[PDB]
There are 2 protein chains.
Amino acid sequence: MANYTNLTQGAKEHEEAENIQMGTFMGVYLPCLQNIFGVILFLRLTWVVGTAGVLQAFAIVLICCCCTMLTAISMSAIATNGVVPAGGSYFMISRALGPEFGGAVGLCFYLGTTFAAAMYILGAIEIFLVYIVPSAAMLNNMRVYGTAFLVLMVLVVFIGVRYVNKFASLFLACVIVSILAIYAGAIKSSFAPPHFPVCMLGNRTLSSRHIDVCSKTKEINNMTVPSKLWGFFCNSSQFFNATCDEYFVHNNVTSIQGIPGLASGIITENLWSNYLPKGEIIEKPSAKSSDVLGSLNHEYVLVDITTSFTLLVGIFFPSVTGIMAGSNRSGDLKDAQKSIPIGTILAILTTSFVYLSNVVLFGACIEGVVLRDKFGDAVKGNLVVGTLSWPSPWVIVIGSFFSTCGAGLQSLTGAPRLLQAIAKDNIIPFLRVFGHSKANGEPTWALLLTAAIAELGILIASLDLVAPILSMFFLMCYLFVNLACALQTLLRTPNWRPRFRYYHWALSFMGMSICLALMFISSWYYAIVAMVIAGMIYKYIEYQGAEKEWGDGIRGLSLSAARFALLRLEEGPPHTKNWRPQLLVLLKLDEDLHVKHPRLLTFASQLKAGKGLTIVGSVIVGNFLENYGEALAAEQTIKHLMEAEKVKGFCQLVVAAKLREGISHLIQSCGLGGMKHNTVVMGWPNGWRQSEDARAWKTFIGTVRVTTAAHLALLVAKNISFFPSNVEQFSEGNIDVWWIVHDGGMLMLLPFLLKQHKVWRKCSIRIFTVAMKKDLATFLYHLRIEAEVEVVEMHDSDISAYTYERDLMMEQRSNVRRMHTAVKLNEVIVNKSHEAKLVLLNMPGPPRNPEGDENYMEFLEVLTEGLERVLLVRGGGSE
Amino acid sequence: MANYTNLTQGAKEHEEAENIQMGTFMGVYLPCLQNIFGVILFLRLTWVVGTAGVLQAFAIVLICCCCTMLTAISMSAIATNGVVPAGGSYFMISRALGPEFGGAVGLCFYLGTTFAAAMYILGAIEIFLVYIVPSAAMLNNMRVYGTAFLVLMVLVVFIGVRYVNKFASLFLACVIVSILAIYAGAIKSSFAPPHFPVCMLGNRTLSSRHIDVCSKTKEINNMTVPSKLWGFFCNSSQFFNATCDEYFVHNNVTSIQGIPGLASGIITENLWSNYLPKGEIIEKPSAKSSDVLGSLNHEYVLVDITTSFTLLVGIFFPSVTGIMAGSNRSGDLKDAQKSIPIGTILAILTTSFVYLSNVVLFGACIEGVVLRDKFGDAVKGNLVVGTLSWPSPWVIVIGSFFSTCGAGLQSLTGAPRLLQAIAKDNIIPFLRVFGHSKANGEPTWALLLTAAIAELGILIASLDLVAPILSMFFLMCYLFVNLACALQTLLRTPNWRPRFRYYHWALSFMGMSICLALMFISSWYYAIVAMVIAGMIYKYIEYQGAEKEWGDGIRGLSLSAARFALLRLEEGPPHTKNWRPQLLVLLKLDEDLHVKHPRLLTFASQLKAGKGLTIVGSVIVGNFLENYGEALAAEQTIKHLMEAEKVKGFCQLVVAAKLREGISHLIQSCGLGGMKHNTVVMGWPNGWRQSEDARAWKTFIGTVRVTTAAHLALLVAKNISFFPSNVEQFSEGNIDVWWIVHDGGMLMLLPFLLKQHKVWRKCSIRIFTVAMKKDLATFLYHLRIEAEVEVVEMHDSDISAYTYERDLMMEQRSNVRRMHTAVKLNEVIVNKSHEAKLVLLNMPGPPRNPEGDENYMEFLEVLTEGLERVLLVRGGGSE
Ligand SMILES: *[C@@H]1O[C@H](CO)[C@@H](O[C@@H]2O[C@H](CO)[C@@H](O[C@@H]3O[C@H](CO)[C@@H](O)[C@H](O)[C@@H]3O)[C@H](O)[C@H]2NC(C)=O)[C@H](O)[C@H]1NC(C)=O
Ligand SMILES: *[C@@H]1O[C@H](CO)[C@@H](O[C@@H]2O[C@H](CO)[C@@H](O[C@@H]3O[C@H](CO)[C@@H](O)[C@H](O)[C@@H]3O)[C@H](O)[C@H]2NC(C)=O)[C@H](O)[C@H]1NC(C)=O
Ligand SMILES: *[C@@H]1O[C@H](CO)[C@@H](O)[C@H](O)[C@H]1NC(C)=O
Ligand SMILES: *[C@@H]1O[C@H](CO)[C@@H](O)[C@H](O)[C@H]1NC(C)=O
């Protein structure tokens, strides 16, 4: 009806979409299914069931399926977020997780795929050599035949990939026919199981590759001659005073049925682990046996490797790898964000059900001795799982070989395409050589490097030793795919909208943890190497990206970090659960371009205590075209002064035509979006009455208006010349906070930030509240904070100029009286706090009409008449 | 003469220096020396040497000492950097590595010190019980007496820590006397060795706690009665028809000299590992032997644990820990940055020499069988190392017990002080309860928690199992102390000035690697757990510091990341090796407060490709006091427009009275210090002639002058209404770049960036150079990027307005002619590039006199007359 393929889509298929069909079954399901059903299912799954016991085999398959399923969930989250590129799964992963994670996952998955191309060649060779056409001799035969087969497959994928695309369907057909034959055999093995008997010597199993009858003597022409097995346990071969070894004279050779019925109940026997070390004779704990020993013979089927749990998990994991292949044919899709998750998860569920069912079927149909037999021995040299089939084990032994060579072709096509895709991106520079492609867009150098790595793999001519490396590389790939999603969900990474119905970051984190444990349990010494290689690739990609975009390596690296943090900072809830003063210190520069108030910087350092954001802003009156030299000079001066006063922050100078306009620009333009200030710290205009320039107090009140309108807090320090330094300290003193009717939050939060510094550390705090929603919060804060409270109530007229403005707020959401009341405020404040070390004090807002600015400044001046060091505070915002 | 201490200094002594002697030997040498020399040296060093063979024992001691030595170099780099706080080593590490690393190292070293207070109690109990006053019985005796001893020691520390301070000198005396006795025994043993004999039956070793004579018979009154050992090997006790066991009737008891002379040369025997598993009889491969076996008696000294190299390194590592104690008396110093490094390194060299010497001496003095005896048996139940001593083994048996009790006191005093120091810093919230102090400044609840954890340790009553956990915690502490220095040196962390003569970050990195390998080799089980615990505490401290300073958890976390990156960015070389345009798009806001040119944003997106820094600035004409609502509305509008055009960057609005002054403030003040821009992107003032308000071209040229003065690049896009959108593309075209005389960097770099975007991907590049060293640079760039070059020379007067400017540069380090030559430039440019999709084109500088501004604009308008899309470019800077 229709032709399809299961291979990948590299840069060749991506450049088509950059220059400018199938559903879920044929688009995402069949590709993932044909790539998960590897060779292990046919060559090591029975052996794993045997040497692990159905219970532990089920646990191993479940853990592997658990990591791969959680990784499928994370990969579906990656697939749904944003547009799905036309390329393979690598392009999706890159565009979703950034170039760093994209390249790390790409290289780990590529090493995985190369060693998979090696394992599948080794498996096809093992099937061809051992089962179809017959110690270290076997390893060298596998080496030479696997090298020949790899040189053949490389030429095939190099010359004629189109035929591989055409025959992918035949390979899938072979896989499915083989699995259905396995199931049909398991079923037919209920009533009529097959006739595969095994010669077993007591409870020690014998081979059958050369024996014919499981009897100590055969009878040709009524002559009780000794069977051929006599020649393998007795160096007499005649029975004429035969000198047989220990174990043979005592015990019995028996024809044990090798495949009992599915309902026979043999499962009760092999429900437990064996884990016998190397060279141990395989023992069935069912038949009778003597106790004599010593007869170490050649026909005893021996455990071929020192099996263990952590070894079995690694040997089995490369049968669940391949889930990223689900979305390696994503360019030819109709609804990608719908077709990819469903297809991938359904494929993984299908394969997990097949594996978990076959574990139990092998448990309950194959004898507990034929399962631990890792080379199909003891059954006259036929495939273990092959014995469970409807027609004959031949269907399985041919289907497995064709499937495994097809998967080898698949992995020698997907690995170099992925390598040219990682090369053309210029993510990693030195791989640029592999960016070269053929005329039709097929990799050439990538294919050669993949051939080299696959040959390196093949030189270890044993599935049991290649499987851990393959599994570790795919495990690292899945670990990064599971960790990047968790990170981008937690840290609110931009453009991370995982439009999935079931993806919760806990799932990806759980997958990361599960098969991180899998990596380490398999082999921690391989796993640390893999983690360090992946981390080095990740950091090198990050460094190259920084050098590419910003122009410098480490400079640009910190630049990228800052820019990314600021971006991530924008797309969030602009409010904060707590308010913290992030200061803009307004330093006034005299006509000599020196800081007219260093105590401003000293007090800012004492307020912020070396932490937080401090923007020191200053305006230089003049024309910028002919002042930039003076600008750089004064900026260096202010930076040196900031360093001298232990202020950590940034300096901004604006060369402006008018001081008021310069400061009005500074108050609203300082800081990059996200790193905005929230308070403006000003010095009081000392001698405003004595400076006949009418613009001093005007400029001050203008700055106050601009701050209030911008909804920033304001901290006007007065008599700042008498503020302390950083080296000196106070023996004993009282920070008196005079919280007038409104704006309590700042007035109480500041003296604690101050007393938390070494200078003001040894002083006490006294809250002289004068004028009840806010009242409750003060008690809670003072409980948080264990300072001292005090209430001093007075007449309403004295605080009229305050309450008036306060009233103006509630409806929103004279001068002679102001002066006659400010003196009352003076009376109380001095009579209580005259000898304080720092008096915080709430402020009234500036008048609406700019005419009473002289009156407002006189109000302030008299309000502060007689106090040593005053911190006028104004809220302005929400807090 | 002078009284001193070896304990630590917690918040008690730090608050004193915050409120406001000994040199190197008595200040930082002896405290470290008394604290490195622990119990292992006397109770397990001999067994380790025996079990490992002198070679592998030397390897163990060397690897451990190298880990701790590189950690000492990193710790000295920490000590020299900045003023050294008066508190313990914890305060130094905190003030040098930030509260995150400070708390992580503090807690890991604290758990280390607690399990050390447990191990030393176990050791004192083992010495008291096994040697001084005599299976699971031993373990339960150790549990009971260790719990009793911990209950006593907790009271001792709680009541009378001053006496621990007073008798630290006696403890050090005991340590050094024990070591000197070891050396005196070793030297004396050459000519005169002591008479410690060992019974040995063939090559199987016998015990000696109950047996008296190494003979199968003794003769009282000349009667051949069989020795007591006959009863322990024969159930007859009379020799009358003795039914003696197998290995006893055959072989020969021999009284082998247990301590042969240092000149005897036994080292040839015990130069090789034994690693015999649990329960194996200890064999000397020198004496004669029969071959029968089976008679597993109770008097055969056995291997008490399945020992391995990875186990021996863990068992021995808690003998090199203690270098952080070197600076536990850092408040009482004269020259801290000079005393601490030299003191610590000299103490570590002393202890390393002591260990590497005792290894070889035990190799050459103790029999190769008495070494593998882990409980001092076979020598009449005497301490194996004690046998090497001049006066008697009892000097060691007493000195070691007193030293181990003293080290228990030291580690039960250093752990609660450290815990209260971590608590009072408010680094971790929940530990606040442990900040509770006694009257004189001593911990109360921290002591209880330390006692609880030490008891949890003592429940494991075996040094061989407490040592790996102690070693893992101290190894994690050293790994963090090594990694933090390497990081802060690489990344150029602010205030990281390691004024040390020999510290290089490669040393700290090799130390981190060595000690990480040690962790994982010892037990990856505990290594992963410790790494995860320390990482969680680190991230949690970072989160708490964020929520403390910025006010929010994740918001504040990203804020802190950005602030730290920006700060790190300041203390560096402000120039970068490569020039990359970081755009400031000057968007023009109409009277409707709507962007008059979205194409500016589209083109900035195409130019930067969504990566890099893009600050979109705009001025609102008016007063800020009464426009803030309109300001926020237009800012939201511009943000929506930027997000619509895929522009990743920030937005800044300034409400100013004069558009020209607003722009002159934007250009020089945008961005936080470090994240400055270096290119200003403008839209051409279309219809400047048709506007009777001459302020259009005046403002444009003012902006150009400001950009030139600020030394920023300038990109004026003309006919921007024709610039393509994001969704469309160019099928084919040519970016014709006209590098006239100057600024080849930008003119060759911009079209490469543009062709790198999908819109301009399918177009080619043509350089129509018009006017030697600069031509060289062009060749290299074109070789790097593979674009097309071409040269079109013309007359000098035609480029007068350019070369004139050029002349002004050389000395640094008319209108009718310019116009009539501009039309010639027009003829060339149109004849070559009329149909070009985008003509880049160099700019002349604006006239020095502001009168020719109309003439300058007419010159530009002519120069650009007839072209579809022009990008006027001006370098301005260094590049
Ligand atoms: C297959 O047959 C062989 C030969 O009989 C089995 O080896 C023998 O198994 C018996 C089991 O009872 C072992 O006896 C054991 O001896 C130890 C030592 O005294 C005793 O503590 C136990 O209680 C038990 O009686 C016998 O030692 C062993 N022969 C050896 C090890 O040489 C083998 O176990 C059989 N396999 C299975 C799976 O049953
Ligand atoms: C202490 O004495 C015992 C008793 O003689 C030693 O056990 C025996 O050691 C000999 C060493 O020559 C072993 O001989 C070896 O036998 C194996 C297997 O037959 C053979 O392949 C070797 O080439 C060698 O001839 C003998 O098996 C062993 N007896 C056992 C294991 O039951 C023991 O080695 C002595 N210990 C030391 C440290 O010398
Ligand atoms: C071997 O078989 C014979 C007869 O079938 C039986 O008598 C004998 O007990 C068997 N041997 C064992 C060890 O079961
Ligand atoms: C035990 O000692 C006797 C007497 O010296 C000697 O003849 C015999 O060979 C020794 N046996 C062994 C096994 O060395």
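Residues numbered from 1 in each chain as written, not as in the entry; some residues may be left out. Chains lettered and ligands numbered in written order. Heavy atoms only, no water. Residues with missing side-chain atoms left out of burial classes, pairs and counts.

This entry, as listed in the PDB, derives from cryo-EM and reports a resolution of 3.76 Å.

Asker: Explain the overall build of chain A residue by residue, including any values.
Answerer: Each helix and strand in chain A was counted, giving 25 helices and 15 strands. Here chain A has a C-alpha radius of gyration of 41 Å; the compact-globule value for 879 residues is 29 Å, and the former is much larger. Counting only C-alpha atoms and orienting by the principal axes, one finds that chain A spans roughly 140 × 65 × 50 Å. (Helix = DSSP H or I, 4+ residues; strand = E, 2+ residues; numbered from the N terminus. Rg over C-alpha atoms; globule rule 2.2 N^0.38 Å.)

Asker: Tell me what's going on with the environment of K596 of chain B, and back it up with residues and numbers.
Answerer: By secondary structure assignment, the location of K596 of chain B is in the loop between strand 6 (583-586) and helix 17 (598-608). Sequence spacing of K596 of chain B and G683 of chain B is 87 residues, and the spatial spacing of their C-alpha atoms is 9.6 Å.

Asker: So what's going on with the nonpolar core? Residues and values would help.
Answerer: Counting 344 residues, the largest nonpolar core has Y355 of chain A together with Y355 of chain B as the members making the most contacts within it. Here this core takes 27 residues from helix 5 (residues 89-132) of chain B, the largest share from any one element. Residues in contact with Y355 of chain B, not counting those within four places in the same chain, are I36, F37, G38, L41, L45, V61, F316, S319 and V320 of chain B. Among the nonpolar cores identified, the runner-up in size contains 215 residues, and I663, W684 and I720 of chain A together with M675 of chain B belong to it. (Core = buried A, V, L, I, M, F, W, Y, C linked by side-chain atoms within 4.5 Å. Buried < 20%, exposed > 50% of the residue type's maximum accessible area, 1.4 Å probe, protein only. Contact = heavy atoms within 4.5 Å.)

Asker: Which residues make up the relation of the copies chain B and chain A, and what are the values?
Answerer: Between the two chain copies there is a screw-like relation: a rotation about an axis and a shift along it. With an axial shift of 0.1 Å and an RMSD of 0.3 Å, the rotation relating chain B to chain A amounts to 180°. Considering both components of the superposition, the chain copies are consistent with a two-fold axis. Closest approach to the rotation axis among the C-alpha atoms of chain B is made by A562 of chain B, whose C-alpha sits 2.1 Å away. Here 93% of the contact residues of chain B are again contact residues in chain A; the copies associate through an equivalent surface. (Least-squares fit on C-alpha atoms.)

Asker: Give a description of the UniProt feature "disulfide bond" in chain A that names residues and reports values.
Answerer: All names here are of chain A. The sulfur atoms of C199 and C214, a pair UniProt annotates as disulfide-bonded, sit 2.0 Å apart here, close enough for the bond to be present. Of the two residues, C199 sits in strand 1 (residues 197-201) while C214 sits in the loop between strand 2 (204-205) and strand 3 (217-220), which places them 15 residues apart along the sequence. Of the two residues, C199 and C214, neither departs from the other in class, the shared state being buried. Here the bond UniProt gives for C234 and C244 holds up, since the two sulfurs are only 2.0 Å apart. Taken as a pair, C234 in the loop between helix 8 (228-233) and helix 9 (246-250) and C244 in the loop between helix 8 and helix 9 lie far apart in primary sequence, ten residues in all. (Disulfide = S-S within 2.5 Å. UniProt positions renumbered as here; feature names shortened; annotations may be inferred.)

Asker: Can you explain the pattern of salt bridges? Please cite residues and give values.
Answerer: Residue and element names in this part refer to chain A. Scanning the model with the defined rule gives 33 salt bridges over all chains in all. We note a salt bridge from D464 to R44, for which the minimum N-O separation is 2.9 Å. Classification of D464 as buried rests on a relative accessible area of 8%. A salt bridge links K639 to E635; the shortest N-O distance between them is 4.0 Å. In this pair, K639 and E635 are both assigned in helix 18 (residues 628-644), four residues apart and thus about one turn of the helix distant. The exposure class of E635 is buried, given its relative accessible area of 18%. Several salt bridges converge on common partners, so that one network encompasses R44, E126, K374 and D464. (Salt bridge = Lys/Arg side-chain N within 4 Å of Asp/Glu carboxyl O.)

Asker: So what about the packing of helix 20 (residues 695-709) of chain B against helix 25 (residues 853-863) of chain B? Which residues, and what values?
Answerer: Residue and element names in this part refer to chain B. Axis separation between helix 20 and helix 25 bottoms out at 10 Å; the angle between their running directions is 90°. With respect to helix 25, the axis of helix 20 lies roughly perpendicular. Contact with helix 20, carried on its side by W697, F700, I701 and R705, involves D853, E854, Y856 and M857 of helix 25 and no other residues of that element. Classifying every residue of the contact of helix 20 with helix 25 by side-chain character gives five nonpolar, no polar and three charged. (Axes fitted to C-alpha atoms, helices over the stretch in contact; angles between N-to-C directions. Parallel < 35°, antiparallel > 145°, perpendicular 65-115°, else oblique. Nonpolar A, V, L, I, M, F, W, Y, C, P; charged D, E, K, R; others polar.)

Asker: Tell me about the pairing of strand 8 (residues 650-656) of chain A, residues and numbers included.
Answerer: The two faces of a sheet get side chains in turn, since along a regular strand they alternate between them. All names here are of chain A. Burial runs high along strand 8: seven of the seven residues are buried. Every second residue of strand 8 is oriented toward a common face, with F650, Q652, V654 and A656 on one face and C651, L653 and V655 on the other, all of them buried. In this structure, strand 7 (residues 615-621) lies alongside strand 8, joined through seven bridges in parallel fashion. Across the sheet, residue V616 finds its bridge partner in strand 8, namely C651. Handedness of the crossover is the feature at issue here: the chain leaves strand 7, passes through helix 18, returns alongside strand 8, and the resulting connection is right-handed. (Pairing = 2+ DSSP bridges. Right-handed = clockwise from strand over helix to strand, strands pointing away.)

Asker: Pulling in residues and values, what's your account of the sheet that holds strand 9 (residues 679-683) of chain A?
Answerer: Residues and elements named next belong to chain A. Strand order in this open sheet of ten strands is 8-7-6-9-10-15-14-11-12-13, and the pairing throughout is mixed. In this open sheet, the two strands that pair with only one neighbour each are strand 8 and strand 13 (788-791). The sheet shows a mean angle of 20° between the axes of neighbouring strands, direction not considered. Two elements, strand 14 (residues 838-842) and strand 15 (residues 870-874), share four bridges in a ladder whose sense is parallel. Looking at the pairing, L840 lines up with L871 of strand 15. Along the sheet, helix 19 (residues 659-669) makes contact with strand 6 (583-586), strand 7, strand 8 and strand 9, crossing strand 7 at roughly 155°.

Asker: Outline the site of ligand 2, listing residues and values.
Answerer: Lining the immediate environment of ligand 2, one finds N203, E283, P285, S289, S290 and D291 of chain B. Grouping the constituent residues of the shell around ligand 2 by class yields one nonpolar, three polar and two charged. (Near = heavy atom within 4 Å.)

Asker: Describe in detail the sheet that holds strand 8 (residues 650-656) of chain B, supporting the description with residues and values.
Answerer: All names here are of chain B. Judged by pairing direction, the sheet is mixed, and its ten strands sit side by side in the order 8-7-6-9-10-15-14-11-12-13 without closing on themselves. Edge positions in the sheet fall to strand 8 and strand 13 (788-791), since each has one partner strand and no second. With direction set aside, neighbouring strand axes in the sheet form an average angle of 20°. In terms of strand pairing, strand 7 (residues 614-621) meets strand 8 through seven bridges, oriented parallel. Among the inter-strand pairings, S618 is bridged to a residue of strand 8, identified as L653. Sheet strands in contact with helix 21 (residues 744-755) are strand 10 (713-718), strand 11 (734-738), strand 12 (764-769), strand 14 (838-842) and strand 15 (870-874), and its direction is about 160° off that of strand 14.

Asker: Tell me what's going on with unusual backbone geometry, and back it up with residues and numbers.
Answerer: Residues and elements named next belong to chain B. Even without being a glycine, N221 presents a positive backbone phi close to 60°. By the element assignment, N221 lies in the loop between strand 3 (218-219) and strand 4 (224-225). The phi dihedral of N426 falls on the positive side, at around 55°, and the residue is not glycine. Relative to the assigned elements, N426 resides in the loop between helix 12 (393-424) and helix 13 (445-458).

Asker: A description of the packing of aromatic side chains should follow, citing residues and the corresponding values.
Answerer: All told, the structure shown has 62 aromatic pairs over all chains when counted by the stated rule. Considering the side-chain rings of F520 of chain A and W524 of chain B, the 6.2 Å spacing of their centres and the 20° angle between planes classify their relative orientation as stacked. Within this pair, whereas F520 of chain A is found in helix 15 (residues 505-549), its partner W524 of chain B is found in helix 15 (residues 505-549), the two belonging to separate chains. Under the relative-accessibility criterion, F520 of chain A is labelled buried at 5%. The class of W524 of chain B is partly exposed, set by a relative accessible area of 22%. (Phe/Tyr/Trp six-rings, centres within 6.5 Å; stacked < 30°, edge-to-face > 60°.)

Asker: Could you give me a rundown of the interface of chain B and chain A, with the residues and numbers involved?
Answerer: Contact residues are listed per partner, giving 75 residues for chain B and 75 residues for chain A. Breaking the side of chain B that touches chain A down by element, the ones donating at least two residues are helix 1 (11-19), helix 15, helix 16 (554-570), helix 18 (628-644), strand 8, helix 19 (659-669) and helix 20 of chain B. The element that contributes the greatest number of residues to the side of chain B that touches chain A is helix 16 of chain B, accounting for 13 residues.

Asker: If you had to explain helix 11 (residues 336-363) of chain A to someone new, which residues and values would you point to?
Answerer: For helix 11 of chain A, built from 28 residues, the straight-helix expectation of 40 Å at 1.5 Å per residue is met to within 8% by its first-to-last C-alpha distance of 40 Å. The element helix 11 of chain A is extensively covered by neighbouring structure, given that 20 of its 28 residues are classed as buried. (Expected span 1.5 Å × (residues − 1).)

Asker: Explain the pairing of strand 6 of chain A residue by residue, including any values.
Answerer: Residues and elements named next belong to chain A. Residues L583 and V585 of strand 6 are buried on one face, and the alternating residues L584 and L586, pointing to the opposite face, are buried as well. Sheet analysis places strand 6 next to strand 9, joined by three bridges and oriented parallel. The residue bridging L583 from the neighbouring strand is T679, located in strand 9. In this structure, strand 6 lies alongside strand 7, joined through three bridges in parallel fashion. Directly across from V585, in strand 7, lies its bridge partner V616.

Asker: Explain the state of the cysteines residue by residue, including any values.
Answerer: Residues and elements named next belong to chain B. Scanning all chains against the criterion turns up six disulfides over all chains. Across a sulfur-sulfur distance of 2.0 Å, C67 and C515 are joined as a disulfide pair. Between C67 and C515 the sulfur-sulfur dihedral comes to about 125°; the bridge is accordingly right-handed. A single burial state applies to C67 and to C515, both of which are buried. Each sulfur of the disulfide joining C199 and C214 lies 2.0 Å from the other. With the S-S dihedral at roughly -75°, the linkage between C199 and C214 falls on the left-handed side.

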